[PDB]
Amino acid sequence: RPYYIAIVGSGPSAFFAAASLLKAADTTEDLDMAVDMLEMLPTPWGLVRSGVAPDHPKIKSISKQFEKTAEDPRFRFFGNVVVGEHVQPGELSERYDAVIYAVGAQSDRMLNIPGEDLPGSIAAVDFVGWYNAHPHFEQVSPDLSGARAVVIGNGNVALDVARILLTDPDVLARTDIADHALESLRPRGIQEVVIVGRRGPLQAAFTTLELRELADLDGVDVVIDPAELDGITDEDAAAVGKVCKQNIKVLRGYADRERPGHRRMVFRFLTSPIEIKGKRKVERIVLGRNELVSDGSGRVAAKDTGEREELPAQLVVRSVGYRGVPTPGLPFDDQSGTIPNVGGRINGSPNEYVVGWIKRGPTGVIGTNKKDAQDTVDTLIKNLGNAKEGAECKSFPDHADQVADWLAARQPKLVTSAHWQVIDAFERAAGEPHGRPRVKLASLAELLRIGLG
């Protein structure tokens, strides 16, 4: 028999793990593999579908690789299966030789400041999910009519949020953005987005192309007060690294521009949100100025000066990181939002593993998940081999049929690969006549009406 591996999740780390497993079988005698991928949503690809911005279709093309992997007859997909709800980790661990958790980071980091819960104060996780038609975020429905939005954070997600808020809706109308978001963006209500970073430009987590592309937003001026660069030297930037050096050159270029009438994306550094205020919804934000100080760890940290400024704003999006969510039956580190593991093996488990953002934390481009997944798979395979040599492998009967019947009993509305392919075809056909790659089905009900049909 082949080894039977379950992968929970269907994003990049899951697909890289699947490919690694199949490659091991393809290149090793007396080693065969079967992979079942269980995904919470009806649709695969994780953040490649629901995260990557709609104005970045090229980045999403990695999905073609995932499709090629899924064509393998040893691979099966079961969508609309929520591990922790329909089936439990302890059940998967009995039915498979090994289980790989590739669940990503499904929630958000909080600011932990007063007023964070007011209507109009949301996380980028929820805003992005909403504009990318993730079914869990269909009702986020932010009011985008007010003149000023504030985005907290200095990572690339903050830039995506700002771009979507300010890009000409006629441009967004040709993307796979959610129709509900397009409708809210058509009025062009937001005139200014202020991106607020707690540390300085040298500590920004932005990457360079992402900063450069802001120059190509029709109708938007990037605004950086030259004072934001005081004390920021090219020598110190180079000491941080090559990306930082390039970033600072780009930022200086923006700061060199002096304009009324245009939409504005403003960068403010050394500033922290202190409190969000308003009567029943966000109306203003209190900001504090920071200075950079060595904390003894090898970095600089922001230290509050105590100064306070209030700025009117009608939307605050915190882009201060995604965050893992605990899975019933598995260990979890609350502080980091990751599952504790050694070489990818989950603490305390002989046959459960992690890959991707749930293993490493929520950082890295798509490709950073590849070596990560390979490393975990190498450990997994070594461990199975040891078990086999010790005559400790599970005994399984037509096991593949039996596990599929169990999944169907637990989730009669599961979505197989063939049915995902119907959803996919529906969405693409909806978009292409309108110049869009696809129009996404934005709710579970709509997805299932087509997928289960």
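So that there is no doubt, residue numbering starts at 1 and follows the sequence shown.
Unmodelled deposited residues between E258 and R259: 1 to 3, per the record.
Where coordinates are absent for parts of the deposited sequence, a chain break appears; between neighbours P397 and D398 it spans 1 to 3 residues. Taking the PDB entry as given, 373-381 carries the higher mean Cα B factor of the two stretches 151-159 and 373-381.
Once the C-alpha B-factors are averaged per stretch, 291-299 and 73-81 rank with 291-299 first. Per the PDB record, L185 has a higher Cα B-factor than any other of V99, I358, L185, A178. Taking the deposited Cα B-factors for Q203, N132, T338, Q246, the highest one is held by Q246. In the PDB entry, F332 places in the middle third of its chain by CA B-factor. Residue-level temperature factors show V317 in the lowest third of its chain, judged at the C-alpha atom. Ranked by C-alpha B-factor against the other modelled residues of its chain, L47 falls in the lowest third. Compared with the other modelled residues of the chain, the Cα B-factor recorded for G390 ranks in the highest third. Ranked by Cα temperature factor within the chain, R95 sits in the highest third according to the deposited record.
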